[PDB]
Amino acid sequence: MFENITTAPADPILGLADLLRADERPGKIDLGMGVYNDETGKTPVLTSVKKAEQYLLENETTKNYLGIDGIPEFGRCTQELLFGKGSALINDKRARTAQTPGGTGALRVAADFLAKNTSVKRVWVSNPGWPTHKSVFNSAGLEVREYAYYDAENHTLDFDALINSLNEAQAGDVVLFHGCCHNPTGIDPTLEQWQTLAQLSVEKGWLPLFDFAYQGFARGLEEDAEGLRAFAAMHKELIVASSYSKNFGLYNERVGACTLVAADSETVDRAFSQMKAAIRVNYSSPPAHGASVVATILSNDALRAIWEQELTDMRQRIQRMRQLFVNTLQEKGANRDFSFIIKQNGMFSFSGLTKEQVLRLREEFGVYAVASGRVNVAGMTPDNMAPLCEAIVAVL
């Protein structure tokens, strides 16, 4: 039965891991996958997380199955983090949250839910964008369409082209937006642009689907959610797929959530029962450990304070590497101006390097980036900055 199965094409992002371990030479620099590194080039477990794990080890009395939607406290805390402490969506009980295995798992659950319970046939994603989006929605039987977003010549958000691109989107179509720290451009809409988009969305009857994997990496927890909250004030329905992989450094514990919002509590509950049905035939119930860590931290004043400071330190170290990167590039004979990199937020930098330049950096310099020219700034340290910039200057 398996004689004729064909080898699967490598993943443009996940596949980098395979090439890295395969490469033996020393001095390799991993600027591929979006993982935070500290000044020493390691991805440590946060102190707040270690303390929460300590608490769980001493107070946990059973590993008995969680409900299909997961830990309730986790859901409450996630909703507060997304919509704000005293949000009306929470007061009117218009939102339902299912704990899922990572933000990717939330997208999959959203995809299966939409495919068999609604008339949705098309999902609009940005270009440039995150490849996994297309792969996940296509796997559920939904077609993916792309909308313009980036002005490569001016290194800015091409709002005009974005709006014109979306005019081709019909009512009932799903439009996916990155909450903040757009992957991979790092360029987000201003509050006024978000407001215009929220207004345009209601008017044309689109179903907003927010992918929120970097809350806290742009400006702050509350500020980074302003766009989403702008939409939530106008819309009766929406979907939010969020992840705690980066802001909690819980990558491998797979901690995320899929939040559903409807016009009222009876409608959301009815729709949510079908979301649970989708989860039931996938992994049944979610993994407790990671989500339990998040709930413990967010619900304990002391731990939350420590975590929030650790998040701030991560955001600040990336900002510093971002400025050291630009300076070191020009300092070593940078062919052109890379000041546009300072205005990008998040872990990445959409450098503008071509596919061949990225390939060359990999083969003769041992520097790994994504073929799109996306580099992980969070992967830069004071130690690898010099050799890193020297390789880039050599391929320009």
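Position 1 is the first residue in the sequence shown; the rest follow in order.
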Checklist entry - Which has higher Cα B-factors on average according to the PDB entry: 189-197 or 240-248? => result 189-197
Next on the checklist: Which is higher on mean Cα B factor in this entry, 277-285 or 119-127?
Outcome noted: 119-127
Checklist entry - Which of these has the highest Cα B-factor in the record: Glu73, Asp211, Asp224, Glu153? => result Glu153
Item to check | Highest recorded Cα temperature factor - choice among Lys204, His133, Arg229, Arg96 | outcome: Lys204
Checklist entry - Of the three thirds of its chain by CA temperature factor, lowest, middle or highest, which one includes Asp30? => result middle
Next on the checklist: Ranking every modelled residue in this chain by its Cα temperature factor as given in the entry, which third contains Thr104?
Outcome noted: lowest
Checklist outcome for this item: Temperature factor at the Cα of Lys63, chain-ranked in thirds, falls in the lowest
Item to check | Cα B factor band for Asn183 (lowest, middle or highest third within the chain) | outcome: lowest
Item to check | Chain-relative CA temperature factor third for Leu16 | outcome: highest
